[PDB]
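What follows is a set of notes on a single structure, which appears directly below.
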Amino acid sequence: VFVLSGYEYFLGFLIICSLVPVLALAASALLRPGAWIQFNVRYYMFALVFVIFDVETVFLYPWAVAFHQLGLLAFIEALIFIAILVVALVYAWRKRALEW
Amino acid sequence: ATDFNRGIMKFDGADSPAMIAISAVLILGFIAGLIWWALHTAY
Amino acid sequence: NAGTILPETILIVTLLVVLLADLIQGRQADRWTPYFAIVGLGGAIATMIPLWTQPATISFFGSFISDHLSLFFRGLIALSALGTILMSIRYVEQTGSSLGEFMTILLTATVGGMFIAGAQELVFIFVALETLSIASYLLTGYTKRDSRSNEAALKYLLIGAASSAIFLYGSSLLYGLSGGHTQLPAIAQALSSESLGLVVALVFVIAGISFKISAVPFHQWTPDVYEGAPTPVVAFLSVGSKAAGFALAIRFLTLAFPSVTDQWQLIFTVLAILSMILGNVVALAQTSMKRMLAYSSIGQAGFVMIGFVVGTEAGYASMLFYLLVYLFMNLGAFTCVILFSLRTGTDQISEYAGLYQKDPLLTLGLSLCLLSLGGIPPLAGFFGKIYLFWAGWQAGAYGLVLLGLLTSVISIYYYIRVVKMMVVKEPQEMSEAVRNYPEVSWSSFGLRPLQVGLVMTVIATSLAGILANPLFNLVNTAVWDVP
Amino acid sequence: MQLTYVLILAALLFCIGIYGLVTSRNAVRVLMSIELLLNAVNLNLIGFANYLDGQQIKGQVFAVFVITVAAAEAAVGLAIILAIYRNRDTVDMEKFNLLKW
Amino acid sequence: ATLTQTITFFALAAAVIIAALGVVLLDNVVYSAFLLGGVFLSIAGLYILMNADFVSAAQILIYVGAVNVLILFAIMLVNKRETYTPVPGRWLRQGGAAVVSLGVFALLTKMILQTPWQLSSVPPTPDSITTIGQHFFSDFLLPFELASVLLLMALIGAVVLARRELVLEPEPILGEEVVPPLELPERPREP
Amino acid sequence: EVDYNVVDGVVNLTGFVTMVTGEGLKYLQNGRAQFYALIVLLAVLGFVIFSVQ
């Protein structure tokens, strides 16, 4: 059984937009004729605070959809989740994690 | 057996490892021979 | 219904105050932020005593129980961090790392461990096991420039993140062997047929349950982490992260599998007869002091599993009384490992020799905590082992207590080896501290918490067997709420 | 597509990450094989939630929290890789065996 | 109608295990990390067929967009131009790991097939974004608040384990005996 | 000499086959944490055959 409605066109549109580069690069294929990066830990540290906050935002998407269907108790509980991770943002500023 | 062979009446001359095992089977056999005597001769 | 998690949410608040003070004050807060976490741990201990009289409710929609068993193990993990903070007030303050940043990761492992003891959902077991495990990889590699703590943070990661995936595949199977039902009381009502699917779900979860308690086919991280990690973290994972794996195993293997019970009582005997042998014979061939206590924690784990496999009301009371006095033996021995590692470098055996005339409070603390770890009278670890063999003899198990006694004499020989090189060596036989001991002060930063964590632990090691009768009644009330 | 073909796919993905856990010599490929294990227990879980008790999806909530922990197990895990690399200038799992016995 | 949901399953079920063989068996480590997203995107395509449209988009946001980017940032930081090619280092211990991996698979395929699964014939996913947010605050509420403390700790610890020691690297603060900065006081020695 | 060597040899052999036992399982750990993950995964395969019958 598959009770999701709207995904009948998602399979073909996944194939058609995949057929946009693989055929245009083929339609072009018939018409055409001291090496160091310095180890600076800022690419990893900027991605480190991304993973902590991409998990933050994905926990807020079910709360934001069902927000007026939960009540005031589930709003204080969702506020403890944010206010703990607000200190996570304050920790990233003061410890010069995202200074670049 | 070098410290057992001090300069007094000891060091008889039979301190070889061939004599250690043949003195063991007579001494430990007499205790076991008296133990097996004991469970039958007493009552 | 959020009044049952009050011992954990007081530790949540003081986790944030010692974090913001590192950001606000900036290493000037390290003079007071350990002592705020002590009364934060003490205020979390003192609120478990009003919760002891409550009639064991199941709060948070059936996902958290507040029984006496969950409150006993919550106090053991809170006392494990209370003893660790009294140690690491000088230890990681001498490495130059931040003191407030250490005790934040140390308190997340505490509240992560304290939530394991009362969890009843498959998800809250895994979430609280994660934040205990994720916090402990950061603590074994907290010094970050050693090539020994970095090597110990790696081996604990690639086994810890591995064994928590074996634990998840058995936890996900418990969601699928039942028709949903992530809660452990709802699991037992659905599955009782003892099929092969329940067997693989049982083996997969005790690859991670018996990974925190370090049984021998899953113990391989323990002797390599415990010599690379900072010694207070070594002191924490031996009574805090080890009792939390024992807090899980009573709450998991008796609630999720009361039908299948002769199988995990057969596996954990193999986990006991292997960790009593390999915990105590390989600790003979150890030279490092933190490595001798590493195989000790594997060996003392097999004594706790003696009461776990018998499955009686005195058997589960024997493993909770032994884990209670185990905190007074590790945290008193590891205090003297730290207090010897702070005066002189290179804390290993055959460098403690020639002592007892220069540091007599260290040798009286280290001997009476290592002799009690061997289980000699009239110390606390003697009575703790007596109750394990009394409950072991009570229901079968005549070969476990014989192996528990024969490996307790092999346990004596390497513990008395440290007491040999503390008090019986002449003053012409010391290698370190040969007129090199720093003439102890108890006036520098953090040495007075290090001393009171030694005095109040050996007192709790010498007198906890003579005065065991209040502790025997405090433990036996935490067993009636165990199926 | 039945329930059985999802769990075999999750069990096969488990043993590929199991093989990558023991045979990989770079320390980052071991962490990439850990993510194969933590997606094996998620592919096992949503299939357990789509076919068993799909009205109140308790597996998809539990499948969310595994994604969050593995996000935090890799961020902690790669800070361990960068901590060894600053001291021991390689990433080679046959070179970290100095705490042997 | 029904076969178009099945032929897109095995096209994705083969896309994950080929990419999972690419992250394990390939000699290049950067090729493993780009194929690691091929594992994660194919599993995210498998969740849409399994009526998990939220967790499908929650995998592309984290496993593809956050974890795989974090992996790739932490592989372009470790190249060193040194593989050293020591394939037979100690022995043929890569054959003992092929025994257990085929053994666990032979275990679980025996377990998956013979187990009677009690699958329910009820209609699933009644707008499954509200029933997952009602679950974050009724049943799975205490896991939800502990995930913030887990993430906050994972931001505290992974910063202090990966930040550059540029504040005071030659810092002998005190001493009873000599201890190096940012290192454990138990100094290594041979017995 | 049957005291010092024979019945004292048994006592100094209980303490000798235990010291060389701990120096044989000391080599069970050898670093290389892939091998530590091997024993974890082999004992999973052991306990699922040992406990089904």
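Here chain C follows Swiss-Prot for its numbers: 11-493, in order, are the residues you see.
Heads up, header says this was done by electron microscopy, 3.1 Å.
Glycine is treated like the rest: Cβ placed from N, Cα and C.
Database features (Swiss-Prot):
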TRANSMEM  C:14-34  transmembrane segment
TRANSMEM  C:42-62  transmembrane segment
TRANSMEM  C:109-128  transmembrane segment
TRANSMEM  C:132-151  transmembrane segment
TRANSMEM  C:167-187  transmembrane segment
TRANSMEM  C:206-226  transmembrane segment
TRANSMEM  C:240-260  transmembrane segment
TRANSMEM  C:274-294  transmembrane segment
TRANSMEM  C:302-322  transmembrane segment
TRANSMEM  C:374-394  transmembrane segment
TRANSMEM  C:396-416  transmembrane segment
TRANSMEM  C:462-482  transmembrane segment
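Using a cut-off of 8 Å between Cβ atoms, the transmembrane segment (C:240-260) and the transmembrane segment (C:374-394) share fewer than three residue pairs, counting only pairs 6 or more apart in sequence. Ranking C:109-128, C:167-187, C:206-226, C:302-322, C:462-482 by CB pairs under 8 A with the transmembrane segment (C:396-416) puts C:302-322 at the top. Of the ranges C:14-34, C:42-62, C:302-322, C:374-394, the one with the most Cβ pairs under 8 Å to the transmembrane segment (C:462-482) is C:374-394. Counting only same-chain residues 6+ beyond the ends of the transmembrane segment (C:302-322), those with a CB under 8 A from a CB of the stretch are 223-226, 229, 232-233, 235-237, 244, 248, 252, 256, 259-260, 271, 275, 278-279, 281-286, 288-290, 292-293, 296, 328-329, 332-333, 336, 340, 343-344, 347, 359, 383, 394-395, 398-399, 401-402, 404-407, 410-411, 414, 417, 421, 424, 428. Cβ atoms under 8 Å from those of the transmembrane segment (C:14-34) belong to residues 40, 42-43, 46-47, 50-51, 53-55, 57-58, 61, 64, 67, 69-70, 74, 76, 81, 84-85, 88, 108-111, 113-114, 117-118, 120-121, 124-125, 128 of the same chain, restricted to positions at least 6 beyond its ends. Sequence-distant neighbours of the transmembrane segment (C:167-187) (same chain, 6+ residues past either end, Cβ-Cβ under 8 Å): 132, 135-136, 139-140, 143, 146-147, 197, 200-201, 205, 207-208, 210-215, 217-219, 221, 228, 230-231, 266.
Nonlocal intrachain contacts for the transmembrane segment (C:132-151), taken as residues 6+ away from its ends with a CB within less than 8 angstroms of a stretch CB, comprise 73-74, 112, 115-116, 118-119, 121-123, 125-126, 159-160, 162-164, 166-167, 170-171, 174, 177-178, 181-182, 184-185, 192-194, 197, 218, 222, 235, 238-240, 243, 246-247, 251, 254, 258, 262.
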